[PDB]
There are 2 protein chains.
Amino acid sequence: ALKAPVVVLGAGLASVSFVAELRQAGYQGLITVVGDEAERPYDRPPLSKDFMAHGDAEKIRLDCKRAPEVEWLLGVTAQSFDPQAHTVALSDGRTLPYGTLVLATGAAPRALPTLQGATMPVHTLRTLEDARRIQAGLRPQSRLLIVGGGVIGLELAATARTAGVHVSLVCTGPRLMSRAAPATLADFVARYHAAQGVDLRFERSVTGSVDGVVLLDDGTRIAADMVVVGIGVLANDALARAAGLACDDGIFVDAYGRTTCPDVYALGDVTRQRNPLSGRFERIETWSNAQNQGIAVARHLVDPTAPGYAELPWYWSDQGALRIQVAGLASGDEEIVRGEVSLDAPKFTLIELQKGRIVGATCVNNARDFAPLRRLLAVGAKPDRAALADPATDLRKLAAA
Amino acid sequence: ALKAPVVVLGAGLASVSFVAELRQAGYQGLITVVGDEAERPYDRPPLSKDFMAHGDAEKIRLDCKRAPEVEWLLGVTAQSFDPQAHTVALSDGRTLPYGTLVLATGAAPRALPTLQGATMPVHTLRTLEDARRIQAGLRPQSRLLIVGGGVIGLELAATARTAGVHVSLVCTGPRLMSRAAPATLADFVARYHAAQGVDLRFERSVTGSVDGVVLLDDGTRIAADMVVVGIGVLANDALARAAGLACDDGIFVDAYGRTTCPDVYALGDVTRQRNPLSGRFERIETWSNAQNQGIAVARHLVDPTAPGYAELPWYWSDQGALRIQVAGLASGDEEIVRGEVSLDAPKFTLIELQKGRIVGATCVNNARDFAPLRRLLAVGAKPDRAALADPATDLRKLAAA
Ligand SMILES: Cc1cc2nc3c(=O)[nH]c(=O)nc-3n(C[C@H](O)[C@H](O)[C@H](O)COP(=O)(O)OP(=O)(O)OC[C@H]3O[C@@H](n4cnc5c(N)ncnc54)[C@H](O)[C@@H]3O)c2cc1C
Ligand SMILES: Cc1cc2nc3c(=O)[nH]c(=O)nc-3n(C[C@H](O)[C@H](O)[C@H](O)COP(=O)(O)OP(=O)(O)OC[C@H]3O[C@@H](n4cnc5c(N)ncnc54)[C@H](O)[C@@H]3O)c2cc1C
């Protein structure tokens, strides 16, 4: 079952979390990790936040201390694996044997086909190298265009505005943060960015570019010194596809992290997996999933009596003065708003319910509310709705009961 | 790998096809099939066609001759399996051991929530028992309402009209056959059924029913003596879900039929699998898939050097005077129409292309065209488009080259 030696492809958060948990749970056999980036393993959330602002990569490294006795092959690409021979072929000419193979290869930014032949700077934001490249162009008074309405682009927008960069943004949908965010939150976030000087363009798509100017499908133009494309990511599942595993923009896994190929597991951004709230398969693109799924899969490999992965989804986003936290589903049949939604010292909580049951929550500048809401969410609590709205109501009280 | 004994859950076409191929390929170990219906294994397409018209079940049985030495446990339900103990628990109190387990449990009609408490006859059409029940109510001059725009309901509509039954049909979408059928075909099919006296209602949903009358979301009413609901099917994947396999309205499998649980395979209507034309996972609800996937999975189990399942999708439908055949994708960036589309002796062919490459085809009353088109489709042919349209062009010529 858990058969030595263990080989992990990818050296991001999911991989680090997984191998640390293998060691902590008591597995003492060989562990080898193959990472294509020639970088000490690092966390990605800082890249559009404090790193983009302050540039010190030695503040963003992952702690591999809880993963002793691991050989990290950095700057090496796994090119294929043979699931019958139980081997992995590396770009440096070597081959690794495995008893258990774990695919933790993440996802890469989608390219925008209409900007393929662009003759102006066009970047995406995924890696430390990407971040350094973009930062090297955040000249004060320069003009940045962001393509996409997702959180990473908005975090970059906020960082850029703080640095004195003019920012425009084009969004194909009618609202920002179309994925996994309540409409009430999305509408407020737009109001915030607009108030901070971001030039927002909704329901627009990029049709091309000419001599430093981007073209839109309404027949208009946006000049910029740099374009950062952030229209989502695609799973890095090429090795899995070639080896015959079930994949569809993501490697299908069950709650034990098993793929359709025996002795091969997958975790993190590369996986398509069950969302227990919706009961549907989804590719879950969050820090908490990478860590939590990695830990759960490792724990169950060492101890088969352990339950499968069961954590509910959540993420956070730091956008200027907004500290955003979102858990569970974006919507249900009811939203309860705790507090006022205002640009004057923003602070509020949203709760989404389905037939009385909490299925999601949002906190903006209220971390203290978020933890008890996540616990209520976890057991599908059906609290008193007026109490949920009432500001006199304390939420940590409810969760404890 | 192929480990004896083999146990198959379900005794439909996929199961029969699979076990016959195991035997033909040379596997001589135990095979036991568990089938919940107390019926000699039978084919479903006749149920909305000649059986509905003529009633002889001994014309619709599957040939189990190519599957010698198989014990068929008919009228028995598999209630669970334990993938660690390698056992299956049966409704009759017995337990079966397995080396290889194959889930071939098909799919069941979706219920219509708004008709849940109906006090008038409401049926679905999946089984021989369903067909006999519906047929027992096809009184000449009676009124039948069909809910859904799919092929099975339309086949029933045609059968009913031929039998002198008044037929009305409510479709939530703007067109019939929304799944896997070109719009040109769907529009023609509506014209045909309307000409045969079917009362078609598009963009309408059922909101409920009262004392023999069905209510619609436009505030109107349709009286009927019987309602047949045909709004699609849901995979019978409950055993897989309970046992920890990756599922989402269908058991995920790769081209070898492997699930995420070692030693457990799945085939047929119950599976969610790669469509090689779209490159996306889909639940493929066709006779040809059930047979072809069953055969391919069996062949590769006995001979691991055999390729995985690779057949492209296709189906047929018999609707009164229309003998419809459809292969591949419903659309691309071009449709070529061979012949005229007319209610006067209907006979035409559609070809769908994507950047010059054939990705789909349709034949109405032209079986001779369909086989060569499927071969051209299979190798992604890029034929001369004017020739494809030209009636002087023979298609069997093209395929042979
Ligand atoms: C800029 C940015 C900001 C983010 N902010 C937040 C946030 O505030 N909150 C939040 O919840 N989430 C955030 N995320 C999301 C989060 O960081 C991801 O969910 C997480 O990185 C996924 O981890 P992973 O280990 O699955 O994948 P990855 O981090 O992508 O790691 C995979 C690694 O495998 C490598 N690899 C791929 N193929 C091969 C191969 N064949 N051989 C060897 N190596 C290979 C990759 O190049 C990569 O280094 C952010 C992400 C980015 C990019
Ligand atoms: C009325 C009708 C007309 C059709 N016409 C056409 C057509 O003209 N062309 C076409 O391409 N396709 C047609 N089809 C589709 C086609 O018949 C299906 O694709 C095919 O039946 C799928 O085969 P299967 O073996 O995967 O599933 P099934 O035929 O559903 O067989 C599965 C069996 O497993 C049983 N089972 C489920 N759970 C358990 C359990 N726990 N224990 C034991 N047994 C269990 C089921 O009850 C069932 O008997 C038609 C289907 C119907 C219903």
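Order of listing sets the numbers, starting from 1, for every ligand and every atom in it. Convention: sequence-line order gives letters A, B, ...; per-chain numbering from 1.
In this structure, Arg272(B) and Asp249(B) have side chains that are in contact, with non-hydrogen atoms separated by less than 4.5 Å. Side-chain atoms of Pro109(B) and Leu125(B), non-hydrogen and from C-beta on, never get closer than 4.5 Å to each other. Between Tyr315(A) and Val151(A) there is a side-chain heavy-atom pair separated by less than 4.5 Å. Taking the side chain as every heavy atom from C-beta outward, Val6(B) and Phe18(B) approach each other to under 4.5 Å. Looking at heavy atoms from C-beta onward, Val264(A) lies out of side-chain contact with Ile251(A) at the 4.5 angstrom threshold. No side-chain heavy atom of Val102(A) sits under 4.5 Å from any side-chain heavy atom of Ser15(A). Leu47(A) has its side chain out of reach of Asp130(A): every pair of non-hydrogen atoms, C-beta onward, lies at least 4.5 Å apart. Contact of the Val253(A) side chain with the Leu267(A) side chain is not registered, since no non-hydrogen atoms from C-beta on lie closer than 4.5 Å.
Distances from atom 43 (C) of ligand 2 to the heavy atoms of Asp36(B), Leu47(B), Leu73(B) show the closest one on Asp36(B). Comparing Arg44(A), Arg126(A), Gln319(A) by heavy-atom distance to atom 48 (C) of ligand 1, the nearest is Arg44(A). With distances taken over non-hydrogen atoms, the option nearest atom 19 (O) of ligand 2 out of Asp269(B), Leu156(B), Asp43(B) is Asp269(B). Across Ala235(B), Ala266(B), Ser80(B), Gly106(B), heavy-atom proximity to atom 27 (O) of ligand 2 is greatest for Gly106(B). Considering each of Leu13(B), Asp318(B), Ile152(B), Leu103(B), the one bringing a non-hydrogen atom nearest atom 50 (C) of ligand 2 is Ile152(B).
The closest approach between a heavy atom of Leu9(B) and any atom of ligand 2 is not below 4.0 Å. A heavy-atom separation below 4.0 Å is found between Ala104(A) and ligand 1. Contact annotation: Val76(B) has at least one heavy atom less than 4.0 Å from an atom of ligand 2.
The contact set between ligand 2 and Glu285(B), taken as ligand atoms under 4.0 Å from a residue heavy atom, comprises 15 (C), 19 (O). Atom numbering of ligand 1 starts at 1 in the shown order; those under 4.0 Å from a heavy atom of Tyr315(A) are 11 (O). Counting the atoms of ligand 2 from 1 in the order shown, those under 4.0 Å from a heavy atom of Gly268(B) are 26 (O). Listed by number with element, the atoms of ligand 2 under 4.0 angstrom from any heavy atom of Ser48(B) are 1 (C), 3 (C). Close approach of ligand 2 to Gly12(B) is summarised as follows: ligand atoms under 4.0 Å from at least one heavy atom of the residue are 25 (O), 31 (O). Short contacts between ligand 2 and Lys49(B), defined as distances under 4.0 Å to a heavy atom of the residue, involve ligand atoms 5 (N), 6 (C), 7 (C), 8 (O). Close contacts between ligand 2 and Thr77(B) involve ligand atoms 41 (N), 42 (N) [criterion: under 4.0 Å to a heavy atom]. Those atoms of ligand 1 that come under 4.0 Å of a heavy atom in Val34(A), given as number and element, are 43 (C), 44 (N).
For atom 34 (O) of ligand 2, the closest non-hydrogen atom on the protein side is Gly10(B) CA, 3.2 Å. Counting protein heavy atoms only, atom 37 (C) of ligand 2 is closest to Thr105(B) O, 3.2 Å. Among all protein heavy atoms, the one lying closest to atom 49 (O) of ligand 1 is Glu37(A) OE2, 2.8 Å. Remark: minimum distance from atom 25 (O) of ligand 2 to any protein heavy atom is reached at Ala14(B) N, 2.9 Å. The single protein non-hydrogen atom nearest to atom 14 (N) of ligand 2 is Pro45(B) CG, 4.3 Å, given as residue, atom name and distance. Of the protein's heavy atoms, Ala78(A) N, 3.1 Å lies nearest to atom 42 (N) of ligand 1. Protein heavy atom nearest atom 11 (O) of ligand 2, with residue, atom name and distance: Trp287(B) N, 3.1 Å. When only non-hydrogen protein atoms are considered, atom 7 (C) of ligand 2 lies nearest to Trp316(B) O, 3.6 Å.
One N or O on the side chain of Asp92(A) and one on the backbone of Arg94(A) form a donor-acceptor pair closer than 3.5 Å.
Residue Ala290(B) touches ligand 2 through its side chain alone, judged by heavy-atom distances below 4.0 Å.
Taking the charged nitrogens against the carboxylate oxygens, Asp237(B) and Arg241(B) do have a contact shorter than 4.0 Å, which makes a salt bridge. A salt bridge links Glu37(A) with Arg44(A): at least one charged nitrogen is closer than 4.0 Å to a carboxylate oxygen. Ion pair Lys49(B)/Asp43(B) not flagged as a salt bridge, since none of the NZ, NE, NH1 or NH2 atoms sits closer than 4.0 Å to an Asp/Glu carboxylate oxygen.
The shortest heavy-atom contact between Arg283(A) and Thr271(A) is CG-O, 3.2 Å.
Not one N or O of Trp314(A) is nearer than 3.5 Å to an N or O of ligand 1, by distance alone.
In the model, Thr127(B) has no side-chain atom that pairs as donor or acceptor with a side-chain atom of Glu129(B) under 3.5 Å. Using modelled atom types and a 3.5 Å distance limit, the side chains of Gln273(A) and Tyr309(A) yield no donor-acceptor pair.
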